[PDB]
Structures are given as C-alpha cells and as structure tokens.
Amino acid sequence: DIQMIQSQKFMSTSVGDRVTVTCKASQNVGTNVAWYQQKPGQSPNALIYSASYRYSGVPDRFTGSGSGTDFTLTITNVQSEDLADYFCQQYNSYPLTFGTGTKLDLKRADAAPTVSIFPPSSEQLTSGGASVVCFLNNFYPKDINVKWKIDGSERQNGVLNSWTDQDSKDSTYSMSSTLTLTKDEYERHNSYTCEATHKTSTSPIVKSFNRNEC
Amino acid sequence: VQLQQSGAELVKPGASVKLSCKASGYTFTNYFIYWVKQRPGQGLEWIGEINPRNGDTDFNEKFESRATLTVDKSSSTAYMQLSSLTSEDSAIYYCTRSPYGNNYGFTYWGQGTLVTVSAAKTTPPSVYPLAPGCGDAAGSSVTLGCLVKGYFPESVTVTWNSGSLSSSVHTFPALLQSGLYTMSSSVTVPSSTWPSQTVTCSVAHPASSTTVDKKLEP
Ligand SMILES: [Zn+2]
Ligand SMILES: [Zn+2]
C-alpha cells in the first residue's frame with residue numbers, strides 16, 4: 001500500500017551540470033529508502049541505501065537525501081556514462097514498492113547523421129527474402145525522418161525504423177531503417193535510396209545504390 | 001556473475017513457468033532471495049522472498065496465489081514457479097538478494113529472465129551480414145552490421161568478435177513485423193583494418209536455444 005511516486009518520467013541536463021531526481025512516498029518510511037541505477041541492457045545497480053549512504057564502489061557525485069516522505073537523488077557532475085533510469089524503493093514495510101522511474105537524457109550540440117546503406121545479402125536472397133538497410137549514425141537531436149525510394153517512388157509499407165538509446169560516450173543517437181521486400185520485387189527494380197532529413201540540414205542526407213550494379 | 005538466471009522462455013497461455021537462479025561461491029545462506037518483475041511499460045513490482053536456510057517465504061499478496069518459491073541448498077539454487085500465466089505475466093523477472101541480517105535494499109540483481117506468454121511457436125532468428133559494398137568508404141571508418149530477422153520471442157543478444165569490439169557497437173531495439181521480431185546491430189572499425197582483420201557477429205536467442213555466428217565476408 002505504500003506508493004513511491006516519481007513524478008518526473010524524464011529529466012534533462014548537460015554534461016558537468018547537476019540533476020535532481022525526486023521521490024515522494026505516500027506514507028512515512030523513515031530513511032528506509034534505496035536508489036538504483038539501470039543502464040540500457042543491464043540489470044539495476046544498487047546506488048544508495050538508507051536514504052543517504054552510498055555503496056562502496058559508487059562515484060561521489062551521487063548523493064541521496066531525505067527522510068519521512070520526500071527523497072532526492074542528486075548527481076552533481078553528470079557524465080555521459082550516467083545515462084540510465086533511476087528509481088527509488090522503500091523497504092520500510094511490506095510489500096516492497098518501487099517508484100516508476102526517471103530517465104536521464106543529456107543535452108549536447110546539434111550533430112549531423114552519417115549514413116551507410118546495405119544491399120540484401122546473398123544468404124537472404126537464396127532464402128527468398130530481401131531487406132535493404134540504412135544506418136543513420138551519431139546525430140542529435142533525436143528527431144529524424146527517413147524516406148525510402150525505389151526507382152524514384154516512395155515506399156512506406158515494409159519499413160522498420162528503430163532508434164538506439166542515447167549513446168553513453170558522445171550523447172548522440174543512432175537509427176536503423178530497414179526496407180523489407182520480396183526477393184522477386186527486389187530483383188525487378190534497380191535504384192534503391194534512403195533519404196534522411198534532419199534539423200541540421202535543409203538538404204536531405206542521401207545514400208543510394210543500383211542493384212544492376214554495385 | 002553472482003546470480004545466474006535461466007534463459008528467456010516462451011510460455012503458452014495458462015501453462016506454468018519455473019525459473020531458476022543459481023548463487024555463486026559459498027555464500028548461498030548469507031542472503032534472502034527476492035524475485036522482482038518489470039513489465040517494460042510499468043515499474044518494478046516485488047513478487048516474493050525466500051529464506052534459503054529453511055525455505056520460509058513471504059509474498060506480495062497480489063502474486064501469492066499463483067507463485068511458488070523453493071530452494072535447493074545442495075545445488076545452491078532458487079526457483080520461482082508461476083502458474084496460470086496471462087499476457088499480463090509477460091515481463092522480465094529478476095532474481096535479487098540482500099544480506100540475511102538487514103535489508104540494505106537489493107545489493108545484487110541477476111541478469112533477469114524475459115518470459116513471454118503467447119500461443120505462438122518459438123522461431124529462431126536468421127542472421128544476415130551487413131557488409132560494406134557500393135557505399136562510399138564513409139571517410140576513414142567503415143561501419144558493418146548484422147540484420148537479425150524473423151525471430152520469436154524476445155530477446156537476442158548480439159556480440160561482435162566474442163565480446164571484443166564493444167565500444168563501437170550500436171544495438172537497435174527489435175520491432176514487430178508480421179508477428180515476428182527484427183533487430184539489427186552495427187559496429188564501426190577503422191577502414192585500414194578491414195579485409196584481413198575479420199569481424200564476426202554472434203547472435204544468441206535464449207528462447208529457442210539457438211546461437212548463430214556469422215562471419216562478415218570481405
Ligand atoms: Zn556509439
Ligand atoms: Zn523499377
């Protein structure tokens with residue numbers, strides 16, 4: 001019955017700055033509060049115990065505070081490796097309950113996407129399949145549009161577009177765009193193009209190949 | 001890894017699932033074992049706890065009726081069984097622990113087991129190499145990749161050169177197309193290394209117990 005409320009689903013900051021994650025308990029929980037860090041594709045890592053004590057091994061820039069019902073995780077010197085979800089937990093009374101989490105994102109300068117295009121593999125072809133792939137790498141901000149054109153006509157059906165989590169090293173994003181086709185349709189047309197339009201250019205970033213060649 | 005959790009599993013609707021969690025060293029009985037659930041939209045939810053010393057348990061009342069927690073001290077293993085599964089039970093399940101004396105909070109978390117409740121069949125991934133071709137050299141760097149297509153359920157882990165190249169790696173989350181998942185992975189290497197310094201992607205799909213390695217051909 002004790003609810004831990006993390007009212008901020010999202011927090012933003014810049015490298016070097018501070019960030020403050022808040023957690024509101026519905027009843028008093030003294031200082032029986034723990035904080036956890038969860039990086040993408042990792043299990044949670046225990047950060048703070050007893051509201052304010054840091055685990056052996058944890059950087060000094062993580063500070064927890066509070067008592068009763070209001071609890072705070074402060075990260076004073078945010079590095080790019082600090083991208084993660086952070087969540088509180090109470091172990092004052094049963095059942096153990098957790099807040100719903102706050103995800104940190106980092107601000108950085110705008111940056112343009114590097115584009116690579118890949119024709120269907122031979123293995124895929126002998127299997128009866130045809131996918132064409134474009135990687136748009138290391139851009140910022142997140143927002144980006146990709147268009148596929150086959151011999152100059154837009155194709156929308158069959159396109160899967162997927163963003164990575166924010167990059168732990170440079171705070172950029174990357175994106176994969178896959179155009180899925182039948183083998184027969186693929187072997188009938190020639191010119192395959194992905195066009196990425198991103199804020200950092202009024203002109204589309206383009207990569208293309210011809211099947212009849214390459 | 002102190003807490004070794006069983007692999008991702010597909011479970012049919014209404015059947016049971018039994019997960020395992022193996023503890024390391026000679027420290028099994030120094031801890032309470034806890035199970036925690038995460039449905040990728042929601043938050044963490046505490047399921048239950050067990051005492052390995054005698055087998056005593058405690059539960060979140062929400063989960064108690066369909067959950068059985070046991071232990072094997074001889075093999076130092078904790079087990080959680082859940083019965084009558086629905087789609088709402090599809091989630092990742094963590095094995096965790098905290099000191100037997102005081103509840104620090106959870107000091108170590110296992111890697112977690114993604115359980116998918118679905119009537120569908122298990123389908124292993126086809127792995128396709130993404131080698132650089134007609135594309136321009138892209139400067140002094142070359143980006144390679146692997147397309148992982150037609151698998152069910154989640155998830156897959158893609159690694160490059162058996163764990164080696166793991167700073168230049170981008171991992172794209174899987175999407176559904178025709179009931180099946182597709183994801184991709186890319187790695188960037190200096191272009192001067194390409195032909196002879198070979199590059200291989202290794203794709204594990206726990207749920208179908210399949211591992212496919214694919215050498216990228218020059
Ligand atoms: Zn990167
Ligand atoms: Zn055509």
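Suppose the filter is at positive phi, outside any strand (DSSP E or B), of a type outside the set (K, R) and touching a residue at least 40 places away in the same chain (Cβ under 8 Å); does A:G30 pass it? Against the criterion (at positive phi, outside any strand (DSSP E or B), of a type outside the set (K, R) and touching a residue at least 40 places away in the same chain (Cβ under 8 Å)), A:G30 qualifies. Would the stretch A:21-30 turn up any residue that is under 30 Å from B:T159 (Cβ atoms) and among the small types (G, A, S)? For the stretch A:21-30, residues under 30 Å from B:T159 (Cβ atoms) and among the small types (G, A, S): absent.
Here B:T193, B:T143, B:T198, B:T171 are screened, and the one residue that is within 18 Å of the chain's Cα centre (by Cα) and among the hydroxyl-bearing types (S, T, Y) is B:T171. Filtering the stretch B:84-124 to residues that are within 11 Å of chain A (Cβ to nearest Cβ) and over 19 Å from the mean Cα position of the chain (by Cα) leaves B:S98, B:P99, B:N102, B:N103, B:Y104, B:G105, B:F106, B:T107.
In the stretch A:94-121, the qualifying residues are those that are closer than 30 Å to B:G43 by Cβ and facing chain B (nearest Cβ under 8 Å), and the one that is surrounded by the most Cβ atoms within 10 Å (Cβ to Cβ) is A:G99.
Residues of the stretch B:31-58 that are in a strand (DSSP E or B) and touching an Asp or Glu at 6+ places or on another chain (Cβ under 8 Å): B:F32, B:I33, B:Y34, B:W35, B:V36, B:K37, B:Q38, B:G48, B:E49, B:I50, B:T57, B:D58. Considering the stretch A:182-192, the residues that are surrounded by fewer than 21 Cβ atoms within 10 Å (Cβ to Cβ), outside any loop (DSSP other than H, G, I, E, B) and away from every other protein chain (no Cβ under 12 Å) include one that is nearest to ligand 2 (Cβ to nearest atom), namely A:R188. Of all residues in the stretch B:11-30, at least one satisfies being in a strand (DSSP E or B), surrounded by fewer than 16 Cβ atoms within 10 Å (Cβ to Cβ) and more than 12 Å from chain A (Cβ to nearest Cβ).
As for the stretch A:56-67, it holds no residue that is within 13 Å of chain B (Cβ to nearest Cβ), among the polar types (S, T, N, Q) and touching a residue at least 12 places away in the same chain (Cβ under 8 Å).
Of the strands (runs of 3 or more DSSP E) lying entirely inside the stretch A:122-172, those containing at least 3 residues that are within 16 Å of ligand 1 (Cβ to nearest atom), under 20 Å from the mean Cα position of the chain (by Cα) and facing chain B (nearest Cβ under 10 Å) span A:129-139.
Selection of first residues in the stretch B:162-191 that are more than 10 Å from chain A (Cβ to nearest Cβ) and of second residues that are within 16 Å of ligand 2 (Cβ to nearest atom) and assigned to a strand (DSSP E or B), restricted to Cβ pairs under 9 Å at least 6 apart or on distinct chains, gives an empty result. Just to verify a result, which residue in the stretch B:81-103, among those that are polar (S, T, N, Q) and surrounded by 13 or more Cβ atoms within 10 Å (Cβ to Cβ), is nearest to B:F152 (Cα to Cα)? Result: B:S90. Entry remark, the stretch A:193-207: residues being surrounded by fewer than 20 Cβ atoms within 10 Å (Cβ to Cβ) and of a type in the set (K, R) number 1 in total. What are the residues in the stretch B:95-114 that are without any contact (Cβ under 8 Å) to a residue 60 or more places away in the chain and in contact with a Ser or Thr (Cβ under 7 Å, 6 or more places away or on another chain), if any? Listed by number, the residues that qualify are B:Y104, B:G105, B:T107. The residue that is nearest to the other protein chains (Cβ to nearest Cβ), among those in the stretch A:72-93 that are hydrophobic (A, V, I, L, M, F, W, C) and over 25 Å from B:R39 (Cα atoms), is A:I75. For the condition closer than 30 Å to B:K214 by Cβ, away from ligand 2 (no atom under 16 Å from the Cβ), without any contact (Cβ under 8 Å) to a residue 40 or more places away in the chain and aromatic (F, W, Y), A:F118 qualifies. Checking each residue in the stretch B:156-184 for being out of contact with any helix residue (DSSP H, G or I) (no Cβ under 9 Å at 6 or more places or on another chain) and of a type in the set (V, I, T) picks out B:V158, B:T159, B:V169, B:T171, B:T182.
Would a scan of the stretch A:129-137 turn up a residue that is within 16 Å of ligand 2 (Cβ to nearest atom) and more than 30 Å from A:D110 (Cβ to Cβ)? Scanning the stretch A:129-137, I find at least one residue that is within 16 Å of ligand 2 (Cβ to nearest atom) and more than 30 Å from A:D110 (Cβ to Cβ), so the answer is yes. Looking at the stretch A:67-109, the strands (runs of 3 or more DSSP E) lying wholly inside it that each contain 3 or more residues that are in the same structural domain as A:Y53 (by CATH) and under 20 Å from the mean Cα position of the chain (by Cα) sit at A:85-90, A:102-107. Just one of (1) within 16 Å of ligand 2 (Cβ to nearest atom); (2) closer than 15 Å to B:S184 by Cβ fails for A:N161. It is (1). Looking at B:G145, is it without any contact (Cβ under 8 Å) to a residue 12 or more places away in the chain and either buried (at least 21 other Cβ atoms within 10 Å of the Cβ) or not assigned by CATH to the domain that holds B:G48 (or both)? No: the conditions fail for B:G145.
Basis: the model, the stated rules and, where named, an outside source; these are not laboratory values. Note: ideal-geometry Cβ built from the backbone for every residue, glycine included; neighbour counts use all protein chains shown.
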